[PDB]
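There are 4 protein chains.
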Amino acid sequence: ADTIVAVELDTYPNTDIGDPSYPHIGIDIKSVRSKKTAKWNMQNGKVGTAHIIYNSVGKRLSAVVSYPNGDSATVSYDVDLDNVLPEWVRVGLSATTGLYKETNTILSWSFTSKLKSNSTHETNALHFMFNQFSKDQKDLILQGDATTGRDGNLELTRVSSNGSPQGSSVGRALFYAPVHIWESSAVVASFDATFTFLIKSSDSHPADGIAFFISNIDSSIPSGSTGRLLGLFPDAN
Amino acid sequence: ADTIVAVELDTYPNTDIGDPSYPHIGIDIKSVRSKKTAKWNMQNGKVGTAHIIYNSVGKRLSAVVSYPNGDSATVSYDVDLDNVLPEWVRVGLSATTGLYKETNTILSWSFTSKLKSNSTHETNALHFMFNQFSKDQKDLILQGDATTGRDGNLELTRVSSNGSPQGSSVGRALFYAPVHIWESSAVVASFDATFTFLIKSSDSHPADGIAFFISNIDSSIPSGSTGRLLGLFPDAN
Amino acid sequence: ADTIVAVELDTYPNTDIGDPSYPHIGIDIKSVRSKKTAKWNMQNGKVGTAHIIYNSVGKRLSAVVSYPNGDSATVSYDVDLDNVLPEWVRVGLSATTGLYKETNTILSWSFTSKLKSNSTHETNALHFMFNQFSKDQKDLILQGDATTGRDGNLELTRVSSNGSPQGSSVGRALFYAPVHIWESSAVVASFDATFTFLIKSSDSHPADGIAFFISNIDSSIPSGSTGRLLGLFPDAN
Amino acid sequence: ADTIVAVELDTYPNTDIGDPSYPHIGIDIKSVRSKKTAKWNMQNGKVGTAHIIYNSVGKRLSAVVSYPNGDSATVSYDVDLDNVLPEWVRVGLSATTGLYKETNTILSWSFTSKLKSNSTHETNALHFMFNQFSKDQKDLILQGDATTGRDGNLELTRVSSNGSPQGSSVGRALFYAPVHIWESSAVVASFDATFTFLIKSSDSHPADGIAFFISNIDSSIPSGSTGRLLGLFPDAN
Ligand SMILES: [Ca+2]
Ligand SMILES: [Ca+2]
Ligand SMILES: [Ca+2]
Ligand SMILES: [Ca+2]
Ligand SMILES: [Mn+2]
Ligand SMILES: [Mn+2]
Ligand SMILES: [Mn+2]
Ligand SMILES: [Mn+2]
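Chains as they are written, first to last, in PDB author numbering: chain B, 1 to 237; chain B', 1 to 237; chain A, 1 to 237; chain A', 1 to 237. A prime marks a further copy of an entry chain.
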């Protein structure tokens, strides 16, 4: 079983799994049932931006999603990740469609992570930035229906030639290099991630959403994790 | 009256002002009376490192001080700085000595601040790093007894030719450029700061401490702010 | 007399001062007479981007200007800046108009500079980024006709209410903090700068151009340095 | 056959392969026979620092090696890498010993690479920094005799339990993620790399040296490339 920590933009309220009554941001720790959520007003066909922040001092995971018109939603959860994740992890983006559907299109993604040790600095750090994705992007590991290069963007879930989103689709993109997320001997571990995205739906009720996630290095898409499970978890426990 | 927000390494417990019974880290908002403190075991003559982190999402100010031997102390306080500081500020370091004394020596200082707007990025950012200070460091504004260039370090308070710390001393160093700390239209404002320091005392009970601070751009040392007031505040209110 | 090193985007050929027979990029060292130039096809009304790069190892100053359509021009010149500039400098943008005119609009500007010493690192560095300029941008020093905040941009030369460029105009913007550009004891000093710009003209030939420059810290606009002198030099020597 | 571009710190002059009559820095393009070299006074047992810089504008590859005592050597070579390397590459460190020997210890290594496209920015970038290496450093690919974790350092070539260097040894470390080094449509591609190293020898002349290199993504150590071939090239052509 993979170990997953994620921030979800959940466009589809499955109330059966503890989802709220409306599209939402949520913080998911080893469960599809968010530890915390906040109401999110999703704008169809508009380009949004998500920022994720964490530091080992405050031990608080925070996320915000905003649109150029000023609408934004934030969620924060107090958690000590030293106690959750493995020392080494990979980070990525995941997206799905269900019975209902949407394009899950990533326009850009950047990430920064830092470890300052008991050695008093001698800091290790990683930063990457993608503002365009080519057809062969060798520094990304693509899983599922994810493709790169279409209009210089990353399409996480299946889209036809004419731009129409497909249902029952799942895809993920992980950064090629492993990340050293924490160390018992680290005095501070902190990271932030940013991505811009475009969700569009022709039909009623888009679903199911997009998530930024951190997993064990060897993580792969759990079976039947399409739709409401967001390509992250094998079940709703 | 200046507006001050600071993180204090308070080596001297003035219990009269609400200081704890022991040297401590503290978070000070417009008052010398910390909103929150944590016990700190100060190691005389050892080089320490302080990290300060804040983000507008979690709205939590965090600080940690550590030594190479693994000892560290952390403190966090939930605060919305949009409601405290002016839109534009300056950042700096301050240090003092009282009746008792210590060297306040800064070995290195770095800082990073970012504003992502309602414009959806078009981000503004500032970063600077000093790992050595020359005799004339033009990008620093020195106030009080602060000097640069001695052994490539920044000495915040008065030290004689032979290295002996002087009492009743106060000094500050501010970065030359103003910083845009928040904007009503900003979706995220975040910053972090790091500095390494060396506190040494020949006599009993070093005092009074060192602080990292953010103030209105025109801030200058309040009169009689030496000793326990840390060159920050005009009084103990 | 100021000491000026600049990269010019010269939209107007003043053959009398050694300018080429067409708009051009040029490298100017202590003279309006470029040490090296390259032909530049300026696109009226289009948004361009300039990048400038230098390092103390190769001791080569390089610049490129490009447009989204793929047109670009580059120029490089071998030079040891240790022998030209003062140890401490300021960096800025300058623009002018003359008998002929153009808007000199800066959309964004970023800069990074680093000094790695004989101390083996203990590196000092500065980075800033502006992707929007507000009406009161405290970390910029504005000289001449330069204004900030109009459509979130920086307008270096005078523009009327209705958007019409004015003739015989000059303006500069300098970053507020001084920059430590070289040190006798530095093993490497390197910097890069980037800005995006929009030049528009209603009338016949636009003039006179925009430059990125580095000067002594107290540099101010030389008298009569409008038009072909680009606000940088007091004469054409 | 791999495609290799490297900067060599050649501690052993093999005059038979065009090496100079003294230890030297060199720039090697697809050949062990440096295109350019500079005399290098290697200090046995001292910690050195190497910096490497390149940009697509100046199209000049530069390198400097320095020690804390102020001794340094630099070498530069004009080259258009667009015409040499594949679009995607990996970067790494290599070292060898031969008949003669030395420790090839890396203390720290950082790297930054950036591509600004014809799209006008939408920049892609990668940065990493190692200031300590643990026993299991998952973001490094180790080849040959290379090991990590001994005193928090990276030992590229074989060293016994007691610290004694072994002869006829070769080892390399490559960053785990591929790097997009150029693109036909990029307006600027630039990178820099820095590492600190410790070379020690008990016996008479140390050999054979350490190199920073860029290769095709699937590059592996060519057979018999120990000693003077530095683990990079299959022959001396
Ligand atoms: Ca769902
Ligand atoms: Ca006190
Ligand atoms: Ca001109
Ligand atoms: Ca050799
Ligand atoms: Mn949910
Ligand atoms: Mn206190
Ligand atoms: Mn000219
Ligand atoms: Mn050689």
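Backbone N, C-alpha and C define an ideal beta-carbon position, used for all residues, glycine too.
Check: Counting contacts by CB-CB distance shorter than 9 Å, is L126 of chain A' in contact with chain A?
Finding: On the fourth sequence, residue 126 of chain A' is found 126 positions in, with the first residue counted as 1. Not one chain A Cβ lies under 9 Å of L126 of chain A'.
Next item on the list: Consult DSSP for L154 of chain B and reduce its assignment to one of helix, strand or coil.
Entry: Along the first sequence, one-based indexing puts residue 154 of chain B at 154. The answer is strand: DSSP assigns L154 of chain B an E or B state.
Checklist line | Helix, strand or coil at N41 of chain B' [DSSP, three-state] | finding: Here residue 41 of chain B' is taken as the residue at index 41 of the second sequence, counted from 1. Coil at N41 of chain B', not helix or strand.
Notebook entry, point to check: Comparing the CB of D28 of chain A' with every heavy atom of ligand 8, is any distance shorter than 8 Å?
Noted result: On the fourth sequence, position 28 is the one that residue 28 of chain A' refers to. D28 of chain A': yes, Cβ under 8 Å from ligand 8.
Next item on the list: Please name the residue, chosen from B':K101, B':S72, B':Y67, B':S76, that lies closest to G58 of chain B' on a Cα-to-Cα basis.
Entry: Reading the second sequence from its first residue, position 58 is the one you call residue 58 of chain B'. Residue B':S76 is the option with its Cα nearest to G58 of chain B'.
Notebook entry, point to check: Around the C-beta of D151 of chain A, are 16 or more other C-beta atoms found within 10 angstroms, so that it is buried, or is it exposed?
Noted result: One-based indexing of the third sequence puts residue 151 of chain A at position 151. Burial call: exposed.
Item checked: Per-residue contacts from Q132 of chain B' into chain A (C-beta, under 8 Å) -> As a working note, residue 132 of chain B' is residue 132 in the second sequence. Result: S117, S119, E122, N124.
Checklist line | Per-residue burial, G209 of chain A [other beta carbons within 10 Å of its own, 16 or more giving buried] | finding: Position 209 of the third sequence, counting from 1, holds the residue named residue 209 of chain A. Residue environment for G209 of chain A: buried (at least 16 other C-beta atoms within 10 angstroms of its C-beta).
Item checked: Residues from the region 83-101 of chain B in contact with chain B', defined by Cβ distance under 7 Å -> Listed in chain order, the positions of the region 83-101 of chain B with a beta carbon within less than 7 Å of a beta carbon of chain B' would be empty, since no residue qualifies.
Margin query: Within 8 Å, do at least three Cβ pairs link the region 109-119 of chain A to the region 172-189 of chain A?
Written below: With the cut-off at 8 Å, the region 172-189 of chain A and the region 109-119 of chain A touch.
Notebook entry, point to check: Would you say the region 193-200 of chain B' touches the region 151-162 of chain A, given that touching needs at least three Cβ pairs under 8 Å?
Noted result: Short answer: they don't touch.
Checklist line | Whether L81 of chain B' touches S56 of chain B' by CB criterion (9 Å) | finding: As a working mapping, residue 81 of chain B' is identified with position 81 in the second sequence. As a working mapping, residue 56 of chain B' is identified with position 56 in the second sequence. A contact, by the Cβ cut-off of 9 Å.
Note to self: Less than 6 Å between C-beta atoms, sequence neighbours within five positions excluded: which residues of the same chain meet that for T3 of chain B?
What the structure shows: Residue 3 of chain B sits at position 3 when you count from the first residue of the first sequence. Within the same chain, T3 of chain B has close Cβ partners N216.
Note to self: For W182 of chain B and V89 of chain B, I'd like the C-alpha separation in whole angstroms.
What the structure shows: Numbered from 1 along the first sequence, position 182 holds the residue referred to as residue 182 of chain B. Numbered from 1 along the first sequence, position 89 holds the residue referred to as residue 89 of chain B. Between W182 of chain B and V89 of chain B, the C-alpha separation is close to 9 Å.
Notebook entry, point to check: In chain B', which residues lie with their C-beta within 9 Å of the C-beta of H180 of chain A?
Noted result: Here residue 180 of chain A corresponds to residue number 180 of the third sequence, with the count starting at 1. In chain order: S134, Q137, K138, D139.
Margin query: Do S34 of chain A and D10 of chain A have their beta-carbon atoms positioned less than 9 Å apart in this structure?
Written below: Numbered from its first residue, the third sequence carries residue 10 of chain A at position 10. Numbered from its first residue, the third sequence carries residue 34 of chain A at position 34. Judged by their CB atoms, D10 of chain A and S34 of chain A are nearer to each other than the 9 Å cut-off.
Checklist line | Within 9 Å, strictly: CB atoms of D16 of chain B and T37 of chain B | finding: Numbered from its first residue, the first sequence carries residue 16 of chain B at position 16. Numbered from its first residue, the first sequence carries residue 37 of chain B at position 37. At least 9 Å separates the beta-carbon of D16 of chain B from that of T37 of chain B.
Checklist line | Closer than 8 Å: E102 of chain B' CB and nearest ligand 8 heavy atom | finding: Within the second sequence, the letter at position 102 stands for residue 102 of chain B'. No, the beta carbon of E102 of chain B' sits no closer than 8 Å to any heavy atom of ligand 8.
Notebook entry, point to check: Can you find a heavy atom of ligand 1 that lies under 8 Å from the Cβ of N124 of chain B'?
Noted result: The count along the second sequence starts at 1 and reaches residue 124 of chain B' at position 124. Exclusion of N124 of chain B' from the 8 Å shell around ligand 1 follows from its C-beta lying no nearer than that to any non-hydrogen atom of the ligand.
Check: Alpha carbon to alpha carbon, how far is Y54 of chain B from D192 of chain B?
Finding: What you label residue 54 of chain B is simply residue 54 of the first sequence in a count that begins at 1. What you label residue 192 of chain B is simply residue 192 of the first sequence in a count that begins at 1. In this structure, the alpha-carbon of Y54 of chain B lies about 6 Å from that of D192 of chain B.
Next item on the list: Note down the Cα distance separating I141 of chain B from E102 of chain B, rounded to an integer number of angstroms.
Entry: Locating residue 141 of chain B in the first sequence gives position 141, where the first residue counts as 1. Locating residue 102 of chain B in the first sequence gives position 102, where the first residue counts as 1. Spanning the two alpha carbons is a distance of roughly 22 Å.
Next item on the list: Using the Cα positions of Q43 of chain B and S94 of chain A, report the straight-line distance between them to the nearest angstrom.
Entry: Locating residue 43 of chain B in the first sequence gives position 43, where the first residue counts as 1. Locating residue 94 of chain A in the third sequence gives position 94, where the first residue counts as 1. Looking at the two C-alpha atoms, the distance is approximately 41 Å.
Checklist line | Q166 of chain B, buried or exposed, once every other Cβ within 10 Å from all chains shown has been counted against 16 | finding: The sequence position of residue 166 of chain B within the first sequence is 166, counting from 1. Under this definition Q166 of chain B is an exposed residue.
Check: Does at least one heavy atom of ligand 8 sit under 8 Å from the Cβ of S34 of chain A'?
Finding: Taking the first residue of the fourth sequence as 1, we reach residue 34 of chain A' at position 34. Within the cutoff, so yes.
Checklist line | Completely contained beta strand (DSSP E) runs for the region 160-235 of chain B, where each covers 3 or more residues | finding: Counting whole runs of 3 or more residues, the region 160-235 of chain B contains the beta strand (DSSP E) stretches 170-175, 186-200, 209-216.
Next item on the list: Please determine, among A:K114, A:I25, A:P13, the residue with the shortest C-alpha to C-alpha distance to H180 of chain A.
Entry: Start at 1 with the first residue of the third sequence, and residue 180 of chain A comes out as number 180. In this structure, A:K114 is the residue among A:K114, A:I25, A:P13 with its C-alpha nearest to the C-alpha of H180 of chain A.
Note to self: By the 7 Å beta-carbon criterion, what residues does the region 46-58 of chain B' contribute toward chain B?
What the structure shows: So the close ones are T49, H51, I53, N55, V57, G58.
Check: Any heavy atom of ligand 5 closer than 8 Å to the CB of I17 of chain B?
Finding: Within the first sequence, numbered from 1, the residue matching residue 17 of chain B stands at position 17. If you check the C-beta of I17 of chain B against ligand 5, you find a heavy atom less than 8 Å away.
Note to self: By the 9 Å beta-carbon criterion, what residues does the region 161-190 of chain B' contribute toward chain A?
What the structure shows: Per Cβ criterion, the list reads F175, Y176, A177, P178, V179, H180, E183.
Notebook entry, point to check: Going along chain A', which residues have a C-beta under 7 Å from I217 of chain B?
Noted result: To locate residue 217 of chain B, count along the first sequence from 1; it is residue 217. What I217 of chain B touches in chain A': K138.
Next item on the list: Name, please, each residue of chain A' whose Cβ falls closer than 7 Å to the Cβ of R60 of chain A.
Entry: As a first step, residue 60 of chain A is located in the third sequence; it is residue number 60 there, counting from the start. Within chain A', the residues near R60 of chain A are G58, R60.
Next item on the list: Starting from the beta carbon of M129 of chain B, find every residue of chain A' whose beta carbon is closer than 7 Å, and list them in chain order.
Entry: Residue numbering aside, residue 129 of chain B sits at position 129 when the first sequence is read from its first letter. Neighbours of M129 of chain B on chain A', chain order: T123, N124, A125.
Notebook entry, point to check: Which class does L9 of chain A belong to by DSSP, given the choice of helix, strand or coil?
Noted result: In the third sequence, the residue the question calls residue 9 of chain A occupies position 9. Here DSSP, grouped into helix, strand and coil, assigns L9 of chain A to strand.
Notebook entry, point to check: For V64 of chain B, which residues in chain B' fall below 8 Å Cβ to Cβ?
Noted result: In the first sequence, residue 64 of chain B corresponds to position 64, counting from 1. Contact annotation for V64 of chain B against chain B': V57, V187, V188 [CB-CB distance below 8 Å, chain order].
Next item on the list: Using the beta-carbon of each residue, find all residues closer than 5 Å to any heavy atom of ligand 1 and list them in chain order.
Entry: Counting every residue whose Cβ lies closer than 5 Å to a heavy atom of ligand 1, we get B:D10, B:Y12, B:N14, B:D208, B:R228.
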